[PDB]
>>> print(open('target_30.txt').read())   # compact mmCIF, C-alpha atoms
# COMPACT_ATOMS: atom_id res chain seq x y z
CA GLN S 1 16.14 -19.33 4.57
CA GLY S 2 14.05 -18.44 7.62
CA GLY S 3 15.78 -20.96 9.87
CA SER S 4 12.48 -21.97 11.50
CA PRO S 5 10.93 -24.58 9.18
CA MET S 6 8.29 -25.64 11.73
CA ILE S 7 5.65 -23.44 13.35
CA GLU S 8 4.98 -23.92 17.06
CA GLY S 9 1.60 -25.55 17.59
CA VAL S 10 1.13 -26.23 13.86
CA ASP S 11 1.12 -29.72 12.35
CA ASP S 12 1.75 -29.85 8.60
CA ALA S 13 0.28 -33.31 7.98
CA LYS S 14 -3.11 -32.31 9.36
CA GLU S 15 -2.93 -29.19 7.17
CA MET S 16 -2.46 -31.44 4.14
CA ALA S 17 -5.45 -33.39 5.44
CA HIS S 18 -7.57 -30.22 5.50
CA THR S 19 -6.23 -29.03 2.13
CA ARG S 20 -7.02 -32.31 0.37
CA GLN S 21 -10.43 -32.52 2.06
CA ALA S 22 -11.31 -28.99 0.95
CA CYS S 23 -10.10 -29.45 -2.62
CA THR S 24 -12.02 -32.72 -2.95
CA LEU S 25 -15.13 -31.10 -1.46
CA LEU S 26 -15.03 -28.23 -3.97
CA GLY S 27 -14.61 -30.72 -6.82
CA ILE S 28 -10.86 -30.72 -7.48
CA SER S 29 -9.68 -34.26 -8.14
CA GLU S 30 -6.53 -35.68 -6.58
CA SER S 31 -4.83 -35.55 -9.99
CA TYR S 32 -4.79 -31.74 -9.96
CA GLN S 33 -3.35 -31.74 -6.43
CA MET S 34 -0.71 -34.28 -7.45
CA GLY S 35 0.28 -32.13 -10.42
CA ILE S 36 0.53 -29.10 -8.15
CA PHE S 37 2.79 -31.07 -5.82
CA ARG S 38 4.88 -32.20 -8.80
CA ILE S 39 5.29 -28.56 -9.84
CA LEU S 40 6.26 -27.60 -6.28
CA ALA S 41 8.85 -30.39 -6.12
CA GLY S 42 10.23 -29.35 -9.50
CA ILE S 43 10.60 -25.74 -8.38
CA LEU S 44 12.27 -26.88 -5.15
CA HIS S 45 14.75 -29.01 -7.10
CA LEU S 46 15.38 -26.19 -9.59
CA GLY S 47 16.23 -23.87 -6.69
CA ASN S 48 19.40 -25.92 -6.12
CA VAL S 49 20.86 -25.32 -9.60
CA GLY S 50 24.48 -24.15 -9.48
CA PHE S 51 25.91 -22.11 -12.34
CA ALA S 52 29.47 -22.15 -13.70
CA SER S 53 30.22 -18.85 -15.44
CA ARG S 54 32.50 -19.00 -18.47
CA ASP S 55 32.82 -15.20 -18.27
CA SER S 56 30.75 -12.13 -17.43
CA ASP S 57 28.43 -12.29 -20.44
CA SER S 58 28.34 -16.06 -21.06
CA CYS S 59 27.69 -18.92 -18.66
CA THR S 60 26.82 -22.60 -19.02
CA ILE S 61 25.23 -24.94 -16.49
CA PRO S 62 27.73 -27.70 -15.57
CA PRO S 63 27.18 -30.76 -17.77
CA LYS S 64 24.93 -33.55 -16.47
CA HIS S 65 23.70 -31.28 -13.68
CA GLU S 66 21.59 -33.57 -11.49
CA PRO S 67 19.26 -30.84 -10.10
CA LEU S 68 18.33 -29.72 -13.62
CA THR S 69 17.79 -33.32 -14.74
CA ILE S 70 15.50 -33.95 -11.76
CA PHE S 71 13.67 -30.69 -12.50
CA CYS S 72 13.10 -31.70 -16.12
CA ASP S 73 11.97 -35.20 -15.11
CA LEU S 74 9.50 -33.78 -12.58
CA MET S 75 8.27 -31.36 -15.26
CA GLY S 76 8.20 -34.10 -17.90
CA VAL S 77 10.10 -31.85 -20.31
CA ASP S 78 13.34 -32.11 -22.27
CA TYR S 79 16.65 -31.60 -20.48
CA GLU S 80 18.83 -30.20 -23.27
CA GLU S 81 16.38 -27.49 -24.36
CA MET S 82 15.95 -26.28 -20.79
CA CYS S 83 19.72 -26.36 -20.26
CA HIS S 84 20.30 -24.31 -23.42
CA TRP S 85 17.65 -21.76 -22.50
CA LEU S 86 18.93 -21.49 -18.91
CA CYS S 87 22.48 -20.97 -20.23
CA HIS S 88 21.49 -18.91 -23.29
CA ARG S 89 18.71 -16.56 -24.35
CA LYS S 90 17.11 -15.69 -27.68
CA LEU S 91 17.63 -12.00 -28.48
CA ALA S 92 15.44 -10.57 -31.24
CA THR S 93 16.78 -7.35 -32.75
CA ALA S 94 14.96 -5.11 -35.24
CA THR S 95 15.91 -7.50 -38.08
CA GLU S 96 17.65 -10.59 -36.63
CA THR S 97 17.03 -13.14 -33.87
CA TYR S 98 20.16 -14.78 -32.44
CA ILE S 99 21.10 -16.82 -29.37
CA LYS S 100 23.45 -15.29 -26.80
CA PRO S 101 24.51 -16.76 -23.44
CA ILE S 102 23.36 -15.00 -20.28
CA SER S 103 25.27 -13.76 -17.25
CA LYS S 104 25.54 -16.18 -14.33
CA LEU S 105 23.94 -13.76 -11.87
CA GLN S 106 21.38 -12.92 -14.54
CA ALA S 107 20.96 -16.67 -15.10
CA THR S 108 20.12 -17.13 -11.42
CA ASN S 109 17.75 -14.14 -11.52
CA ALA S 110 16.05 -15.57 -14.61
CA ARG S 111 15.68 -18.95 -12.90
CA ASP S 112 14.14 -17.22 -9.87
CA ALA S 113 11.79 -15.27 -12.14
CA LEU S 114 10.80 -18.48 -13.93
CA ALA S 115 10.06 -20.22 -10.63
CA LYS S 116 8.06 -17.23 -9.39
CA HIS S 117 6.08 -16.99 -12.63
CA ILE S 118 5.34 -20.73 -12.59
CA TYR S 119 4.18 -20.49 -8.97
CA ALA S 120 1.99 -17.47 -9.76
CA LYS S 121 0.47 -19.22 -12.77
CA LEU S 122 -0.27 -22.29 -10.65
CA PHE S 123 -1.87 -20.10 -7.97
CA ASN S 124 -4.02 -18.36 -10.58
CA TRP S 125 -5.00 -21.73 -12.08
CA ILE S 126 -6.05 -22.99 -8.64
CA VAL S 127 -7.99 -19.76 -8.14
CA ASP S 128 -9.77 -20.22 -11.47
CA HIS S 129 -10.65 -23.82 -10.61
CA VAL S 130 -12.04 -22.64 -7.27
CA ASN S 131 -14.00 -20.00 -9.21
CA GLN S 132 -15.54 -22.50 -11.62
CA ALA S 133 -16.38 -24.64 -8.59
CA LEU S 134 -18.02 -21.64 -6.91
CA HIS S 135 -19.58 -20.14 -10.04
CA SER S 136 -23.39 -20.15 -10.05
CA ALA S 137 -25.34 -20.78 -13.24
CA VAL S 138 -28.25 -18.79 -11.80
CA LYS S 139 -27.77 -15.07 -12.38
CA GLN S 140 -26.80 -13.13 -9.26
CA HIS S 141 -29.41 -10.50 -8.43
CA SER S 142 -26.78 -8.85 -6.22
CA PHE S 143 -23.72 -9.74 -4.18
CA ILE S 144 -21.75 -9.01 -1.03
CA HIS T 1 9.46 16.60 -8.15
CA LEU T 2 11.53 19.76 -7.56
CA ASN T 3 9.82 20.08 -4.16
CA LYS T 4 6.52 20.77 -5.91
CA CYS T 5 4.45 19.79 -2.86
CA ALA T 6 5.07 18.98 0.79
CA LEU T 7 3.90 15.44 -0.06
CA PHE T 8 7.45 14.74 -1.32
CA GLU T 9 10.55 15.19 0.84
CA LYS T 10 14.22 14.86 -0.09
CA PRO T 11 16.41 12.97 2.43
CA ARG T 12 19.74 14.79 2.57
CA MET T 13 21.75 12.01 4.23
CA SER T 14 20.90 9.35 1.62
CA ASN T 15 20.58 9.98 -2.12
CA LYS T 16 19.27 6.42 -2.67
CA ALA T 17 15.99 7.05 -0.83
CA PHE T 18 12.94 9.30 -0.99
CA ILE T 19 10.54 10.42 1.73
CA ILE T 20 6.87 10.42 0.71
CA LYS T 21 4.36 12.22 2.93
CA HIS T 22 0.87 10.76 3.22
CA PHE T 23 -2.01 12.23 5.18
CA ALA T 24 -1.95 9.04 7.24
CA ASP T 25 1.83 9.11 7.77
CA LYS T 26 5.10 10.17 6.15
CA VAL T 27 7.64 7.42 5.46
CA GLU T 28 10.92 7.00 3.59
CA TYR T 29 11.40 4.38 0.86
CA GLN T 30 14.78 2.97 -0.17
CA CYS T 31 15.51 2.92 -3.90
CA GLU T 32 17.51 -0.32 -4.14
CA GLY T 33 14.64 -2.76 -4.67
CA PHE T 34 12.25 -0.68 -6.78
CA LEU T 35 13.96 -1.17 -10.15
CA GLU T 36 14.84 -4.79 -9.36
CA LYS T 37 11.24 -5.74 -8.57
CA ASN T 38 9.58 -3.60 -11.25
CA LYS T 39 11.64 -4.91 -14.18
CA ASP T 40 10.97 -8.57 -15.02
CA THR T 41 13.05 -9.81 -17.95
CA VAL T 42 10.71 -11.94 -20.08
CA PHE T 43 11.11 -12.60 -23.81
CA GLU T 44 8.28 -13.31 -26.24
CA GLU T 45 10.54 -15.92 -27.85
CA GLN T 46 11.12 -17.43 -24.40
CA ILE T 47 7.34 -17.41 -23.93
CA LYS T 48 7.00 -19.40 -27.15
CA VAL T 49 9.73 -21.82 -26.02
CA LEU T 50 7.94 -22.36 -22.70
CA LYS T 51 4.74 -22.96 -24.68
CA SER T 52 6.77 -25.63 -26.50
CA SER T 53 7.63 -27.33 -23.19
CA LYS T 54 6.54 -30.97 -23.03
CA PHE T 55 4.38 -30.42 -19.93
CA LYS T 56 0.79 -30.88 -21.06
CA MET T 57 -0.56 -28.33 -18.56
CA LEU T 58 2.20 -25.71 -18.86
CA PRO T 59 0.79 -24.04 -22.02
CA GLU T 60 -2.59 -24.18 -20.27
CA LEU T 61 -1.02 -22.22 -17.41
CA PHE T 62 0.46 -19.78 -19.93
CA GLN T 63 -2.76 -19.69 -21.98
CA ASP T 64 -4.47 -16.30 -22.29
CA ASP T 65 -8.23 -16.26 -22.87
CA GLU T 66 -9.39 -13.13 -24.71
>>> encode(input="target_30.txt", output="structure tokens")
Amino acid sequence: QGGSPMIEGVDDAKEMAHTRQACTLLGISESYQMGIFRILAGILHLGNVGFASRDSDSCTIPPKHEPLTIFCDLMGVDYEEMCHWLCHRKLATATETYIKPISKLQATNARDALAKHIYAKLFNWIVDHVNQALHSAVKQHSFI
Amino acid sequence: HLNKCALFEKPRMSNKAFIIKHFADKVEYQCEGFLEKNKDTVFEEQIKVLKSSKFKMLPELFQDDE
């Protein structure tokens, strides 16, 4: 979107070197990093999902959509359930819970919200791991 | 607001914006993005479905400790 993928004077490979070095130093194993990268790749592949709208209120993802299949494979989750819940939503009324398809623009907004929430949860999980790495068993008399 | 205090100003030219006066500075905010960002459509049933996702860490990400 920005049109400038690279930063002048900044090398991304060395920044991965520093990131992996730091995470290993603070106790995070390479498995956690690899899972984070898998989540990032899944979100990137999900960002390319195209929606075919049956009408204003109902839309269905085109069948055998390769981006969604790759997203599910990278997430290690089912494809059909994710397709149904990205084309339809469960609405719970005061007495009944039914399934109603979503709007295509609302489908895209929901996909964006899902990606954002997954990214935020991953960031918070990394923060919590850094915390448990940095947590001191000895009681802190004070702090700065 | 009803012009209760000088801290709030009404921009005449645009009805989709509001000027808020701070002691540091007075600035005008556009109304288009406020509702869009504030409202996040999330269902409890969808939360359960995502908990049912086959990823072994995804419910851990969605896990609340309290």
>>> closest_atom_pairs(input="target_30.txt", of="chain T", to="chain S", cutoff="7 Å", atoms="only C-alpha atoms", output="tab-separated table")
residue	atom	partner	partner_atom	distance
T:45	CA	S:90	CA	6.6
T:53	CA	S:77	CA	5.9
T:54	CA	S:77	CA	4.6
T:55	CA	S:76	CA	5.7
T:61	CA	S:121	CA	5.7
>>> axis_aligned_box(input="target_30.txt", around="stretch 58-61 of chain T", padding_each_side="5 Å", output="lines of an AutoDock Vina configuration file")
center_x = -0.2
center_y = -24.0
center_z = -19.7
size_x = 14.8
size_y = 13.5
size_z = 14.6
>>> residues_around(input="target_30.txt", residues="residue T:26", least_positions_apart="3", cutoff="10 Å", atoms="all atoms listed in the file", output="PyMOL selection string")
chain T and resi 7-9+19-23
>>> atom_distance(input="target_30.txt", atom1="atom CA of residue S:137", atom2="atom CA of residue S:33")
25.5 Å
>>> atom_distance(input="target_30.txt", atom1="atom CA of residue T:52", atom2="atom CA of residue S:105")
25.5 Å
>>> atom_distance(input="target_30.txt", atom1="atom CA of residue T:29", atom2="atom CA of residue S:1")
24.5 Å
>>> residues_around(input="target_30.txt", residues="residue T:11", least_positions_apart="6", cutoff="12 Å", atoms="only C-alpha atoms", output="list in words")
residues 3, 17, 18, 19, 20, 27, 28, 29, 30 and 31 of chain T
>>> closest_residue(input="target_30.txt", among="S:38, S:63, S:29, S:93", to="residue T:43", atoms="all atoms listed in the file")
S:93
>>> residues_around(input="target_30.txt", residues="residue T:60", least_positions_apart="4", cutoff="9 Å", atoms="all atoms listed in the file", output="NGL selection string")
(:S and (125)) or (:T and (51 or 56 or 64))
>>> residues_around(input="target_30.txt", residues="residue S:83", least_positions_apart="2", cutoff="10 Å", atoms="only C-alpha atoms", output="mmCIF file with C-alpha atoms, in the frame of the given file")
data_model
loop_
_atom_site.group_PDB
_atom_site.id
_atom_site.type_symbol
_atom_site.label_atom_id
_atom_site.label_comp_id
_atom_site.auth_asym_id
_atom_site.auth_seq_id
_atom_site.Cartn_x
_atom_site.Cartn_y
_atom_site.Cartn_z
ATOM 1 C CA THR S 60 26.820 -22.600 -19.020
ATOM 2 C CA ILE S 61 25.230 -24.940 -16.490
ATOM 3 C CA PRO S 62 27.730 -27.700 -15.570
ATOM 4 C CA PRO S 63 27.180 -30.760 -17.770
ATOM 5 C CA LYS S 64 24.930 -33.550 -16.470
ATOM 6 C CA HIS S 65 23.700 -31.280 -13.680
ATOM 7 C CA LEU S 68 18.330 -29.720 -13.620
ATOM 8 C CA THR S 69 17.790 -33.320 -14.740
ATOM 9 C CA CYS S 72 13.100 -31.700 -16.120
ATOM 10 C CA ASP S 78 13.340 -32.110 -22.270
ATOM 11 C CA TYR S 79 16.650 -31.600 -20.480
ATOM 12 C CA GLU S 80 18.830 -30.200 -23.270
ATOM 13 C CA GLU S 81 16.380 -27.490 -24.360
ATOM 14 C CA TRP S 85 17.650 -21.760 -22.500
ATOM 15 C CA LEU S 86 18.930 -21.490 -18.910
ATOM 16 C CA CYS S 87 22.480 -20.970 -20.230
ATOM 17 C CA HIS S 88 21.490 -18.910 -23.290
#
>>> residues_around(input="target_30.txt", residues="residue S:44", least_positions_apart="4", cutoff="9 Å", atoms="all atoms listed in the file", output="ChimeraX atom specification")
/S:39-40,48,71,115
